[PDB]
């Protein structure tokens, strides 16, 4: 009811609408703005001309207000003290203004070893602070010129930031619809203030003087002249709150050194809304704690570390500090860290207990996964307490098969060591799926295209319609896809993109990261059938979809013959494809690119398993050679089945592909693909 409140404001009369027609019982302005308080202060004005009615207006206009007051300037907090002091000490109880507040923005005082590098629990981390500049009023009392001055001074500081803090400023006045659309996508844009901010006078001269700064990494974000002069945000996926706090402090302290902030001993940093006083800080973490949420100690942990939990997928909560006043920013972050760590240990207890016994669901005879076939309780009990150097357990490896009972295999490797440490399971699975290959036989890799003699089969394209060869590779030195930490995944993306951008000739192309993928870029790539989406339930349970879509992307050449998927199911899925028949050309292109990547980075590889992958089906050559070919006549001939078995290739309604991956080189596999097709099309002249 803006129109009603204006009538009282125009008379400078007591705001009757506070006398609950439908006013919030908890409303602090209703509680502390009494007739005598109003009478005592209604004629007082700050140097900036802020009145009591200016400060209380939002709370009278918006009767559902929890707080209902905004300060126009620093003087408002003293001049209208009797009102603000009561509101502050009630909202921030048991804080006492007489006690005082101590700020601390030294990140070195924070002790925060990274809680969750593997991202088993924590999804994202974010720290926000609100700050106001010296020499000016607060948001409701800022003049038109002052706001422009603030924009000018802040941008000057922000545009001179270096390192990971370097970035771009986007003012709201103007902003191409293109730019706007992009910022909405990143969730970096703020809109006109809601009814609470409107009634506080915060939307004055919208959108003049308002703007957005972000660094190139998009891990640092500043809102200029929104609810306060500055809303400064440091954030990233994963759990590294110490890193997040450090980046925040570097930027905030630099701005403070050049401009200075509004700050008192009793209020801490000054903000428009009294709720944001003190640290002006909200430190936050998104974390999956379904089991901890139901533990009886849950609420007592929140109370103990002074944190709160809010609903956001399933079991994922927003954990943030409850306190602003009476504690330092350092103490606030530390309490956040300790509370989250405590809740994480709870979650780890429940999961460890549940993983301590043999998965009873595997005892069902309707389950026909390889996991069920080979994993006995005795084998489980022999392996269950063991972990690789990266902390990968047996249960980590079989999790997808236990969560998805309809798995064909159900077992993934988090790292190379899994194939050794959990050999009594992996050996059986490998030798079963890749039967009759024996691990003792060892495997020979060979990516020399000159050792293939494959003259073109069907240059008319009479039968063969297209030729596709894919290889799966993983980068040496890292875990496999299910076991990747956040930093590993990003590091792999950076290195591979660095290599792919050095590719010349017809290998030249560019990289399309899934993160920051607009609309025009997406739907296009999809038409080419180049786009890959998020993994399914099997990959999710394996740990392949962690931090999606961070670090994922697509590279293709101009001719669209050479394609690379980065950090999908394997770290590198490399595809060469074209035309109709020339198997020898596809492979030559494939080898040129793969060998160059191999030379710069290296691949995970053993004698026994060939090229390593998270999924045992992709071992050895890690290669799929496929032929699309019209063969009506030979498919019914009594030699067709003799042929497929003799050359160990499979035919599927008419996809012609290799069945073998282990115990043969890539040269040998391609040559056999050729020869098999050669005798198949041979009958297409019966």
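Residue numbers count along the first chain shown, from 1.
Unresolved deposited residues lying between neighbours residue 653 and residue 654: In the record, 10 or more residues between residue 653 and residue 654 lack coordinates.
Residue 312 to residue 313: deposited residues without atomic coordinates: Count of unmodelled residues in between: 10 or more.
377 to 385 or 69 to 77, whichever carries the higher mean Cα B-factor: The stretch with the larger mean CA B-factor is 377 to 385.
Mean C-alpha B-factor comparison - 412 to 420 and 527 to 535, higher one: According to the entry, 527 to 535 carries the higher average C-alpha B-factor.
Options 518, 488, 540, 228 - largest CA temperature factor per the record: Out of 518, 488, 540, 228, the record gives the largest C-alpha B-factor to 518.
Which of 330, 594, 457, 221 ranks first by CA B-factor in the deposited coordinates: In this record, 457 carries the highest C-alpha B-factor of the candidates.
Residue 661, C-alpha B-factor rank within chain (lowest, middle or highest third): For residue 661, the deposited C-alpha B-factor lands in the middle third.
Third of the chain, ranked by Cα B-factor, where residue 40 sits: Within its chain, residue 40 is a highest-third residue by C-alpha B-factor, going by the deposited values.
Chain thirds of CA B-factor: placement of residue 53: Lowest third.
Chain-relative CA temperature factor third for residue 18: For residue 18, whose C-alpha B-factor we compare with every modelled residue in the chain, the answer is the highest third.
Chain-wide C-alpha B factor ranking for residue 265, given as lowest, middle or highest third: Middle third, going by the recorded CA B-factors of the chain.
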